[PDB]
Amino acid sequence: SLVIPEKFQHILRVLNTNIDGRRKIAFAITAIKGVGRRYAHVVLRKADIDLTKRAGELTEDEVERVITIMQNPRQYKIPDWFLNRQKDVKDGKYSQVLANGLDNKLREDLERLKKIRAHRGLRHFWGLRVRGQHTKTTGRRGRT
Amino acid sequence: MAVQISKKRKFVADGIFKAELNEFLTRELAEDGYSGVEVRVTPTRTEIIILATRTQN
Amino acid sequence: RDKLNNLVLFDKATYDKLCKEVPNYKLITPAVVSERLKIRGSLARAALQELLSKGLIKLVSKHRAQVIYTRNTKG
Amino acid sequence: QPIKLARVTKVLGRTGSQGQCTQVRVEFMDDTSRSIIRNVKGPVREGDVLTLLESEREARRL
Amino acid sequence: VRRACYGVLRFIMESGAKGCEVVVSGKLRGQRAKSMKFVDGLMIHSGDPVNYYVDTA
Amino acid sequence: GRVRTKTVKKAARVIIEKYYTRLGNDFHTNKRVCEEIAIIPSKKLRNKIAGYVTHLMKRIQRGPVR
Amino acid sequence: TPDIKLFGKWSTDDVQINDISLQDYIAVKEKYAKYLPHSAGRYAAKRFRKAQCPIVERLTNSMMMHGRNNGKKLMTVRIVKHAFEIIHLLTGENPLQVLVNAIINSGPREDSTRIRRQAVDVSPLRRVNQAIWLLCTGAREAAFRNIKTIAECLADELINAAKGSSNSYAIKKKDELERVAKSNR
Amino acid sequence: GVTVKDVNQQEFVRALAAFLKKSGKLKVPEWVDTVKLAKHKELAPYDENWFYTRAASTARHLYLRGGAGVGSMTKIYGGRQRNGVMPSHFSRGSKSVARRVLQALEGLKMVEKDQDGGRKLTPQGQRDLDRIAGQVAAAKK
Amino acid sequence: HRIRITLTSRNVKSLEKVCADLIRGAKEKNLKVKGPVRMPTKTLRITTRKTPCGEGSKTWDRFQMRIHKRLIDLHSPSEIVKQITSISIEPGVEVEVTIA
Amino acid sequence: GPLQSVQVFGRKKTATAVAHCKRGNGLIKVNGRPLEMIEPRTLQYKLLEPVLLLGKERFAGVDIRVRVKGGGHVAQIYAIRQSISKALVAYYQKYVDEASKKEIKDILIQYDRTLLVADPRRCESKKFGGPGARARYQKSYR
RNA sequence: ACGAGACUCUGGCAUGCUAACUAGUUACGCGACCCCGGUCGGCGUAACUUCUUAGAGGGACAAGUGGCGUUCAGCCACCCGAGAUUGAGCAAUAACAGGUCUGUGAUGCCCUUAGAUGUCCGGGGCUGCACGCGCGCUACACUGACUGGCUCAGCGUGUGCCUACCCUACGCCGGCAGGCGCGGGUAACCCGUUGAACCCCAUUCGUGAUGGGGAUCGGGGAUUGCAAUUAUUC
């Protein structure tokens, strides 16, 4: 209740990332790339769990269930718009791209605009801003 | 009325009416003197009076 | 600079010095117990409602941003 | 140096490098006979008692 | 410009004016633009009476 | 400050040297005598003058004025 | 009742003012007794219209500070209300008597200024204004980036100041003034 | 015996929210577990039973000034859209979540379509509003 | 029978001399008159820079065209209103009569 | 029978409170809700000023209602205070003696000079060249 | 003689005055709910104008008193009172080689005038970035953030002569941005009793670059227009 339970899990090993059990459950999962604060509260809603606990007291069996919902949100009727990568450029799969794939699908499309010599990707190749910013006055830390 | 414009758009459009008189006449009736006008409003009749010094011209 | 490594859930050494020690305190607020027991503020709120229901402390001011408790009747 | 309490009898005028002090003539409450000038800080009314940590420091008049 | 400035100055004086002010600015008698200004009599500058007491041209 | 200008003083002296027998002593009564004996455009000037007239009365009961 | 006035539930009598020099500008007793420290105002239109403003009102007015809090007099009323309910459970005495002794034991008697700075005494009104100053700026620092709420840090300030334990910010910053002014005179 | 305007509003809505639990025929939609209350909101509300809270909060609003439409309802549930770097602005509430509430309250009779537009509460729906309000005063008497 | 008249003007005294002129011709005919209801006067607000260029200290103008309006209601048919409103009118006053 | 009604007003920054005295029992409520149920509750004893400065027995035979619009939260609180404190002093001026009207006025005099005389402070207008009424934008040399 | 003042607007003050079915109030007649009495922006009327609007006058003048001063101008205080300095526009003589010839059908002079510095179209640029400065916005948290809940505004604007384009209620569809439908408003009439935030009330977090902060950048979806690629905005 108020004291430490048995078989505590101080740090969880999820998608080869650390999840400290000290932090609350709805906010500990956010350490994984591709899942933020909004998407964490609904996976803990499609999986029935009182999110007032900490991430180091909850039992081992049902944390396996939330992993199924992460890389497979479709069968748990999570809406299409709620995802991060919708209508993929190659095969058009509405999925939620998690940590290792997120920084894999990141340097998969940067050069896709570079190979086609797109002005969008050329700014990534040139380290400049791309969303149409005025670089006259900012960008002075990473730009010497 | 037909377009039934509001009084804001009605006063100032008739305020622009005055300003276009006191420019049209000063560019034409200046060799004979000009001293402003006074527009008078009546239904189906709008009489303006050209106050000028040389009326015989 | 300095990191206050608080505790998230009590231990039998802390839980022992909470049921005989906290009601001994003259003033009881979740900020004055979070610093003499080295615990978070959530485990300071959550550790005073049962001590309110068991009747070991008395509430004197309940408010959204501030709550304080005291000892029971001296007599 | 025993502490002394002294009550205003008359405000003379302002002084200081920038007009931040009010030169105030004060009489002592423990003995109304002895009275001295003393530069004061802040806004001073008439007749409010002051707390001078020393008494033999007379202030110079301009 | 001098004798014409007077020519309208004393013309309104007999008319019944309290006092006026004529200013003629521009390049006269050379390249650098001076500014002739000949006043007379009584004339106010500031305040709400100026709306109806003087007229400017 | 509140210092009376000349046009409220020179107009208030001529009032006394023309209507000394109609006015009195207090502000309010000779405030309404001033509206009749003189034409004053505004109402602020009505009170400015009539107040100064009573200040001059309290100098007349104690002797002459220059 | 229209006979006795309570600060909600705090008494206003039996708080003797120990300083005869400072009792002029402490509006707390028997005529300046209001249920709430939140009056409409009308205190910044004369030179000493600040004087009859109740000292409990001046404490909340001395709290809304540093940007975000400016203009928020409701929450500092709630702050001082919660702050007062701590003192009776931490010292056992009436909070106002502490606040009276808080002001008296924090106000610098002497203060140095440019005239080579001649040390000169202060007026009691300036001594009040600096007193409510220092035990407010000390509670704002003890609450900043700290778990300890402001309603707690305000209590701890005037509790330590009421005894002069030389540990409170209002006490430390007051002794420095009386030290530097004692230095050059 | 008293009405609702003599009853503390904070201890009324969740008195009415549980009253919308002891019936349980509200036909709450399917996205109630995954929807954001407004564009100015960034999180779903903590309380899982939030569709019951605002159905009660809208109900007392239709008691105080009826004839309110959906456009009226997205305005009362409007908030400070903290726009990050740009200064904040007033953002209206969501329409569908405001519409599904009254579309449920017309189902089980509490509210009906007002003449010339609006949504006013039915007579027998006003009845229980006084009823639950009385027991709140009974909780304090 | 219930004939309204909507008076409007920019200048106030030009209207107040002709608004009361209606009743002074109406009570002559001794018919039922409603009092002119002073509706809230709008004010045309225009602000511009003083300078025609962008030099110098930033100064502005506050231009106003505050516009008054009064409404007299009558209990006379459409034939007697043609004799009262047709007389003693000011140029800068705009007079409108509604039959319903 | 006959109606002993007085409609006394009270203003603030923009908040105007028009009270309504009446003969009867003693009920005191604004907009339908009583003065013990008005938000912000941080200021409850301001709405209780004329009932603790005068006593609950003064409003015994008088029932009062107040309709308020405009202004802000705190401004409405002070609006309701100098409406019902001015309501009882005007009700006790028309229907009973002023020995009972002055004996309630002088208590409301000595406590606070706002329950009877309004505060004439209005928000000062904005001028160009600054963000507020007196403040100016930052001046930059060099 | 000018300027200052005076003057004009504005700010509050007059249960007195002029009057409102485009504004309200109080009664009354029902209606709905709860226990004669209470609530009701739910429903129509005969009085009223405190509240609304805006007209006319009124009120403040250092007027009274107490000190000070040539006891003159006047200062300071106090009583009484809504004010015992509200804010603003207006603004002199002479001058600056201040700015504007990109405000002009104000304009001298010079240049250009058919392969045009005229005009018009297409596209780009006016944003481009080792760096320097200025005006700012958000921040750096617990006097907080978040999530519910409660509860208060005042300035205005709104269907355009050319000109093709208004502000918006209600009801469905949609996570949202939005869309489809039928209405009112040329406006104290509809938006709209402008349910504005802050604040307040109750949850959650607990001093951790933290649920502080939202830059940067990826994917997707709608609206504006002939067109948004250098991301129009959302």
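Whatever comes next refers back to the structure up there.
## Quick notes on the overall build of chain I
Then, in step 1: When you go through chain I residue by residue, the secondary structure sums to two helices and six strands.
Then, in step 2: Ordered by position from the N terminus, the helices and strands of chain I form the series β-α-β-β-β-β-α-β.
Then, in step 3: A globule of 100 residues ought to have a C-alpha radius of gyration of about 13 Å, yet chain I, at 19 Å, is considerably larger.
Then, in step 4: The principal-axis extent of the C-alpha atoms belonging to chain I is close to 65 × 25 × 15 Å.
Then, in step 5: Within the span of chain I, comprising 100 residues, buried residues form 27% of the whole.
Then, in step 6: Taking as baseline every contact in chain I between residues at least 6 positions apart, the subset at least 24 positions apart corresponds to 71%.
Then, in step 7: Surface exposure of chain I reaches about 6800 Å², of which carbon and sulfur atoms provide 56%.
Then, in step 8: Averaging the coordinates of the 21 positive side-chain charges in chain I and doing the same for the 10 negative ones gives two points 6 Å apart.

## Things to note about the protein's contact with RNA strand K
Then, in step 1: Surrounding RNA strand K, one finds 204 residues, the nearest of these being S46(E), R4(F), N69(G), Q10(H) and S94(H).
Then, in step 2: Across the atoms of RNA strand K situated within 4 Å of the protein, the share located in sugar and phosphate is 73%.
Then, in step 3: Within the contact set of RNA strand K, a sugar or linking oxygen lies 2.7 Å away from a backbone nitrogen or oxygen of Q86(A).
Then, in step 4: For RNA strand K, a sugar or linking oxygen lies 3.1 Å from a polar atom in the side chain of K9(F).
Then, in step 5: A per-element tally of the surface near RNA strand K places helix α3 (residues 44–60) of chain F first, with ten residues.
Then, in step 6: Looking at the surface near RNA strand K, its residues break down into 54 nonpolar, 65 polar and 85 charged.

## Focus on the sheet that holds strand β1 (residues 27–28) of chain C
Then, in step 1: The strand order across the open sheet formed by three strands is β1-β3-β2 (chain C), and the pairing between neighbours is antiparallel. Either end of the sheet is taken by a strand with one partner, and the two such strands are β1 and β2 (58–63) of chain C.
Then, in step 2: With five bridges joining them, β2(C) and strand β3 (residues 66–70) of chain C adopt antiparallel strand pairing. Within the sheet, the bridge partner assigned to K58(C) lies in β3(C) and is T70(C).
Then, in step 3: Docked against the sheet, helix α2 (residues 73–87) of chain G engages β1, β2 and β3 of chain C, running at close to 170° with respect to β2(C).

## Concerning the sheet that holds strand β1 (residues 4–15) of chain D
Then, in step 1: Read from one edge to the other, the open sheet built from six strands follows the order β4(D)-β1(D)-β2(D)-β3(D)-β2(G)-β1(G), with strand pairing classed as mixed. Taken across any chain shown, the strands that pair with only one partner, and hence form the sheet edges, are β4 (49–52) of chain D together with β1 (110–114) of chain G. On average, each strand axis in the sheet is inclined to that of its neighbour by 55°, with strand direction left out of account.
Then, in step 2: Bridge count between strand β3 (residues 35–41) of chain D and strand β2 (residues 117–122) of chain G: two bridges; the pairing is parallel. Counterpart to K41(D) in the pairing with β2(G) is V122(G).
Then, in step 3: Its contacts with the sheet put helix α6 (residues 169–183) of chain G on β1 and β2 of chain G, and the angle it makes with β1(G) is roughly 60°.

Basis of the calculations
Residues numbered from 1 in each chain as written, not as in the entry; some residues may be left out. Chains lettered and ligands numbered in written order. Part of a larger assembly, values for the part shown. Heavy atoms only, no water. Helix = DSSP H or I, 4+ residues; strand = E, 2+ residues; numbered from the N terminus. Rg over C-alpha atoms; globule rule 2.2 N^0.38 Å. Buried < 20%, exposed > 50% of the residue type's maximum accessible area, 1.4 Å probe, protein only. Contact = heavy atoms within 4.5 Å. Areas by Shrake-Rupley, 256 points an atom, 1.4 Å probe, with all protein chains shown as cover. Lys, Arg positive; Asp, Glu negative; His and termini not counted. Charge placed at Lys NZ, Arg CZ, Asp CG, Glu CD. Near = heavy atom within 4 Å. Polar contact = N/O pair within 3.5 Å; in protein donor to acceptor, adjacent residues only side chain to side chain. Nonpolar A, V, L, I, M, F, W, Y, C, P; charged D, E, K, R; others polar. Pairing = 2+ DSSP bridges. Axes fitted to C-alpha atoms, helices over the stretch in contact; angles between N-to-C directions.

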